[PDB]
Structure formats: structure tokens, C-alpha cells
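So the structure is just underneath, and the comments pick up after that.
First listed ligand is number 1; within each ligand, the first listed atom is number 1. Values reported hereafter were calculated over all heavy atoms of this structure, with side chains retained and with hydrogens, waters and symmetry mates removed. In this chain, residues are counted from 1 in sequence order.
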Amino acid sequence: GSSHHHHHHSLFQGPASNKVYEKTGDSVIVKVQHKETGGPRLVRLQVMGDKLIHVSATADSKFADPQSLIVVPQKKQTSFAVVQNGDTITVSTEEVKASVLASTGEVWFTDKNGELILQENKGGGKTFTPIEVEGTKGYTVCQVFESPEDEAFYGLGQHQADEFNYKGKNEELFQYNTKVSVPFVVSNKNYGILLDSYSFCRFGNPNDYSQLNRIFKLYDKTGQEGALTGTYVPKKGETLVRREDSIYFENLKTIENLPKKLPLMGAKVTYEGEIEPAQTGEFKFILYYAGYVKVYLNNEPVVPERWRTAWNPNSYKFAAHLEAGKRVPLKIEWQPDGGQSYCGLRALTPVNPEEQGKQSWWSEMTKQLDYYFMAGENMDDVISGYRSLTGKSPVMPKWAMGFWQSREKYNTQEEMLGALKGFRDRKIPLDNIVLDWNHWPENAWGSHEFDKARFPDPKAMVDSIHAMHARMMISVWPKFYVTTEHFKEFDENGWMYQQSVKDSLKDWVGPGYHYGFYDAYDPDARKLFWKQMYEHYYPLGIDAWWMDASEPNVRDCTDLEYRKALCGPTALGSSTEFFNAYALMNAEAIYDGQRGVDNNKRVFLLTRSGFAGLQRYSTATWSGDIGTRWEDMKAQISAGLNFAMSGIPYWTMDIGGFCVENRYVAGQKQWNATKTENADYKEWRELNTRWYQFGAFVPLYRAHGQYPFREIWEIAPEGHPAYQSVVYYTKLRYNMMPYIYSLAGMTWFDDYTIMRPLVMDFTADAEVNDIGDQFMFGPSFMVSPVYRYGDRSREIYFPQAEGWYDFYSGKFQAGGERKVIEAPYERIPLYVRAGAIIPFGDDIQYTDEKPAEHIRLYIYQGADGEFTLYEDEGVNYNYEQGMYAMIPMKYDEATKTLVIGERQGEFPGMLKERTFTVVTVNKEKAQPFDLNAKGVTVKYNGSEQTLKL
Ligand SMILES: *[C@@H]1O[C@@](F)(CO)[C@@H](O)[C@H](O)[C@H]1O
Ligand code: NI
């Protein structure tokens, strides 16, 4: 008879091995009754919270159940029922019903009324393939879910391909300078999925891209099959023309396939011919590039010009419908812009839209499948589930919400202190000043000592920064030179990765030095790493830590196989299994380290990589070594929005870009010599102006990068429109500080998110689903950056709402329409939602320079609204013990009534008495933003007051 007839499971208390399922305390384990090759044997539903379900599956006859690196213990047990009804077993909490079929192990989730939220691939969507690495065993796993046509997806980290809304899209999840992977997605169907894997993963297509010669017939410039043509025009000498098998020069091994006797700096390279596919459909291409690049396909400019500095290539994707058997022209124009540079083009063959639309996860190596489902009333509630599972985000120190000035790099104590004093002298507000790498003696990276010729008294430097009411952040790497005592202490305990040592790698500094990176997955290595920081930097009074190369970036531009060799083995297993969580491990070392020394003092860490759970360590990510390019600026909008949707609410970017086009450096040198502006230097000024405008509305407002200097007075002089604009926005950040710091309080108290795609607040208006170039800054402000040189307007979609108001003029704009909006050089388009209650304070030079005694409470009428003004001591964790104050405010449109609520809580130094001026903006009253606006004066002492406007 059937396999089922011969072998199937089915007394209240007999051994579980006789039964189809077993309920324990918080889970049900189901034995799959129709086992398939590569399918699950066991599927477990574990209840983590009313809205939180942990799904595990394995091909083995027991679960490995390793300790998660990301999910923390939960606060309380959760009550639930289980019902078995034939093939269906359903676990129900008060808020969700999670069902599994015994036959296949397939899972689905509904709300309390049985409305479907998420369904696994019909018949099952899980596949297991064994993998063995370095004597450790595990599985490569795929998990696929059904997805309706109107579902939209956000998250996955911070990627640099300008993708927004991942429905039907692909992304590879690994870490590399500018690319931060977080295995979490949020849907507009109000749930999230967190995949608990630390290996290389993929969302969408589970396959690697293919070289062009594997999927197309190629014809060269002369029409000869078997290749494309590569034409290399050097800066000096003879042009070389050859046939190319494939366009794939993407790492140190494959760039050796470029022509041997042809210098690439200043070269112009053209790859061209025709391609012919063998099937019909949408081909998905990926371009890997450094230097300047353009791509044309079928006579269409599919990739308008992009650039990265030669050493930090990026990926950009495009797709095209192609017909089987038809030749189409292809042309790539490439200016390598360095002696070593990168260019590659690969593709995926068409996937049926029915399959390509599904939600597909692939994981190279884990011990079992583990994922977490979190349902929500809205996307904020989904994020709250993620915060419950992976830890709440502490309130950043208030000073971190001000302006940060950085440089690659301040070279001396005098230079750094001079920059700070420049802000104070010019009355341009600033909280934070940053000391980058190379502050140590040249031969002593990892010693954590200062070069005393350039920094003669580091303690006096920090004391001077504090005397000017600023905070100091310092660069710290997980990299140590082999000659240092600190390296030797890791090494003698087996806590240094050896591949870089074995291979005699030299870095770029001076003659080149030998180095390694430490194993942050070892708990004792983490404690040593912190102890070294504690012995050398902490006593100087340094406030904040800036960790570079936390991917880890052991060697630039290497292939996957060599990157894995460079960063393992780890204390937990192979680097194949433990590939993506290095930054998280380092964040644990620093946060737990510093709170171990002083539990009261706030922690600030900024790191280049990231992972799920990062936020629990009061750690932000920055988007890394991006280019001084309009297209990179644009990409930062979508990258930041996806990062926010990945659950991590503090994020930043190098305003202006990190790596600088040569023409901009030459523009600056000309300015220094002659005080004349060339065409490139004009562009430099406009790029920085627009990028500062954007940056003023991201969670951390920070300028950094390579030469030119990035202080505003270096970019343009007083009176120049760039100076006037950037100083306007810098000041505005500080006038907004009562609002901004309330958002920071909300990150902890309400599991909030600061930089928000429109889909979060306007989920019901599906026109917002693909908009990745506008965003909300908190609940009230819609920001629409200008990201093209010369533009003095841009198209803006106003989500469906009672209305919107131009911030600058107060003029009304209807919801639910798209229009071209003016955007002068000096202004970023900025609108306020009807119903907004926004507190503004007076000019200050730094956070808390003065108490916020007089706040202007702007009420943008036309809809109901609520806002809570949050305050605390700013610098310590006393809010964790209830030392904070909230002033809730509520506005009712129907009665035009504002309630300023009774104050809840108190703390040391809190204003007991204060003043509000309540200022209205409405459809009949276009009130420009103005601190001196006419309104109603309220003297507030903590007691509720009600105003009828
Ligand atoms: C790591 O490298 C530096 F230290 C030097 O380029 C920093 O300035 C960069 O911002 C960071 O990516
Ligand atoms: Ni030491």
C-alpha cells in the first residue's frame, strides 16, 4: 500500500514518538507524515508572544536548537490553545492563529478572526540540503511563501542598488563596505519575517548570477560568434582591441584577466557586441563597477553614468524583456579611473512571474531552519515585535541628535580643536567632533596610543572639547598590527584570524604593515577588545566610539571564497556558518563593556556594518565609503529607508559622500590658490548643499569624507548660497530639537522608527508603495530631497490625507496628488501633515545649551493629532528607572481644541514651569515657520490646560 499506509503516527500520556504531534510548555512539534526527499521531518511552532511565533524545521529527527545570536529571552509566558482537527494543527494566541499541516509541514498565519496574513508555498516551501564545512555539519535551506500581487516588502538592511519595494526582486545578503545585510523583511500586509541565519543568504532568486557566456550567445563588434569585443584606449600609447569571453573583472583574481600591458588609469574601455538569449522573458542583470561606467542595451541607456572610486566597487541592477533567438546590441563604456579597477556584467535567466513574485529565502548554512513571524496592527507594531524579539533600542544620548562634524582625517590636535572652535566662533551649532584613523604612531595600529608629535596631550584635547560643550568620538578598528602587544595578546589565546598573517598581507600605510583582525565571536576575545579600549581611551574621557571595517573588511575586493578564509574559523563554527554577524558581536563587546564599567553613562557606537539585533547595543550604522555622486545621494534615501524598516532606528551617512572625484579635488586646490570657482567646484558646492539638506532629516546628522575639507566654511564662504543654506538647516536641526529628541525617546518607549518610508504612515494609499525618494522624519514632516545637479524643482507625490502644508510658507497642498514643486538651490521641499503638533525651541549652540523654557507649539490644523513632548537628563540611563517626563498633547479638529496634558514624571534639572506659544496653521491661514509667530501664550506648570482655537 501507500508509504502513508505502511508508516504513520497517531493514549494521552504515551511516548511522543507514537504521536503525530507533541505539545510542550510553549511549543508544538509536528512530525511530517508524508516525508519528501529534501523536505522537513519535524516542524515546530513555538509561541514567543501574543503576536510572535517562532517556526523551526529540520530534516533530522531532533532539533539542534543552538543559542540564537539575535533573539533575546522574552518578558513573560504567553497563553495559547492548540486544536488538532484532522490534518490541521492550529496554535492560537489572543491575536494570531498559526497552523501547520501534518501531511506536508506547511504553515500559515491568520488573525484572530481567521483572515489570512501569510501562507507558506502551497504543498510546502521548505527544502534542506546537507552542507559540511571544516568538519561541521548543517543545511542549506530554502523557505518560500505565497505572496499576493499587491504585497510590498521593505528591509533586508542597507543596499546600494537604489531598490525600493522588494516585491519580485532579488538581493544577496552578505556584508561589504556600503552594503549592510539584515535578514528581516516587513510587509505592507502588517507582518514581519526574521530569518535566524548568520550565513550568506538570498532574498528572491536562490541562484547566483551567471556570466554572460553561460546564458547568451555572444557576437563581437564584427559579428563573430563566441565573444564580445573589448577596446582599450590608454591615456598614452596604442589602442588594444581583443575578444572577451566574459565581462567579469570583479575581484583581485579576475582583474588579472584584463590586458597585461595596458595601464588603466585614464583609459577608456568599451565592451560591445550583441547578445542572443535562448529563452524569452525578463532577464535580470547586475553590473559591478568602479570608476565611471555607462551601459546601453538594445540602444537604450539602461545604466546612465555611475561612479565609485577605483578601490570601492558597487553593484547596480537592471532588467529587460528579451526574445529567444533575437540578437540585441550591448555596450559598456568604462573609465577605470585607477591602476586597479573593476567592471563586470552578469545575469539571471527569466523566472516565471508566478514564482518570482513569491517571498523566497535562501540560507547557505545553519543547523536547522529558524524564522520568526511577527504580526502587527500596522508597520510600527511589526517593528515593535522585532524590538521585543531582538531587544529595545535605548534612547540615544541627546548630544548624538545634534550635528556631527568629521573628517578623513584631522591630522593633529590643533587641527581638530581649530575646527570645533570654528563652529563656536561662527555661531554654527554643533555637538560632536570626530577623530578618525591614523592618530597612532604609524607602525602601531592597534596600540591605541597617540602619536605625541601630532597629539601632544590627548587628555588636554578631550578636556578642551568638553570645555567647548562638545563630545568626542574616536575611530577604533578590530584590526591590529602583528608587532603590537595587543595583537600578541589575542594571538597567544587563539583569538586572531590567521589567514591575513599566513598570506603576509600588507596594508596601505607607509611601507605597508602586517596585520590581523580578531575573532569577535569569542566571548573572552570581546572582553579583551573592550579592556584594551578601557585601558587606553576611556580614561581620556572619550564619549563615543566609531568602529570601522566591521564587516570584517580584512582585504578589499576579494571573492567570496577568500573572504570566508579571511574571517574564520570562528569560536562558534566556520565563517560559512558565521559570516554576517561580526558587527553585532563587536557592538556587544563595546556596549556591555562600557555599561560594565559605568552602568549609568549612555553608550554611543557607530559601526560600518550591522545585523539583526544591533539596536539593542545603542549602536548605529553608517552607509560607508559611498561616492561624491548624485546617484549615490539618491541611493542613500532608499538605503536608509530599508535600513529603518530592518528595525534599527539610528542610521547615518557621510553627507557629501566619502570618496571624491578627482575633478572635485582639483576644484578645491584651485579655490585655495586663486579663489576662483571652476565648473567642477560649482558642482561640488551644489552637491554638498543638497546633501546637507537631506542629512538634516536623517536620524544622525553628520558630515564626513575624504579631502576636500567638509566644514561648511571650507565648502563656501559666508554669504554664498551654499553656506547660507547649510547654516539654515544646521540651525533648524537645533530649533527642531524638542521634536527630534521626543522621537529619540519614542525609540525606546514606543519601539519607534525615526526615518520612515511613506508606506509606514500611509499603508492604505498604495501609490506610496514604490516611493523611495521621499520620507517622513517622525510623524509630521515629509522630506523630498533634490538629487540632480541644476534642478530647481522636483515631482512630489502627496499621500492621501486631510492635507499638507509647505513648512516654509504655510501654504496648503491637497493630499492624493502628484505635482512639480519648486526647489530653489537653498531649500529642500518640506511639508507638514495636517494634524501635526510640533514643538520648536529657540536657537542654541549645542543640545541643552539652555533650557527649552519657551517652546513654540505649532498646530497644523485640518485633522486630529497627538504628540508627546519627552525630556530627561540626556546623558545617562536614569530614564530606565523612571526619571523622565512626558507632556502629552492632543488636538481635536472637529472642535479646534488643543489639550496640553498633565505632565507625567520628573527628573533632575527638569523645568517645572515653562512657556508655550501655540501657533496655528490652517487652510485659511498660511503661517510661515517663524519663531516670532503670533499665537496664544500658555504659562505651564505641569497641570493640564485646554485651548479652544
Ligand atoms: C574606514 O576608513 C577610514 F578610517 C579611512 O578611510 C574612514 O575615514 C572611513 O570613513 C571608514 O569607512
Ligand atoms: Ni594595552
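Both the sub-6.0 Å distance and the 45° axial angle are not jointly satisfied by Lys479 relative to the ring of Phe517.
For the pair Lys488 and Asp491, the salt-bridge criterion is not met [side-chain N within less than 4.0 Å of a carboxylate O]. Between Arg555 and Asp503 there is no salt bridge, since no side-chain nitrogen of the basic residue lies less than 4.0 Å from a carboxylate oxygen of the acidic one.
Judged by distance alone, the side chains of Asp592 and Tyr617 never bring a donor and an acceptor atom under 3.5 Å apart. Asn314 and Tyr289 form a side-chain donor-acceptor contact under 3.5 Å, judged by distance and modelled atom types alone.
Around atom NZ of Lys421, no more than 12 heavy atoms belonging to other residues, nucleotides or ligands sit under 6.0 Å away.
Each of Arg710, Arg702, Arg629 was checked for a salt bridge (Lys or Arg N to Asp or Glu O under 4.0 Å) with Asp654, and the lone residue meeting it is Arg702. Of the candidates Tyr518, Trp495, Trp545, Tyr518 is the only one forming a ring-ring contact (aromatic ring centres under 6.0 Å, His included) with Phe529.
Protein residues with any heavy atom under 4.0 Å from ligand 1: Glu408, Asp436, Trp437, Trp477, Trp546, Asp548, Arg608, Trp622, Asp625, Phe658, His704.
For the Ni ion (ligand 2), the nearby protein N/O/S atoms, meaning those under 2.8 Å, are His486 NE2, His536 NE2.
When ring centroids are compared, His439 and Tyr537 come within the 6.0 Å threshold.
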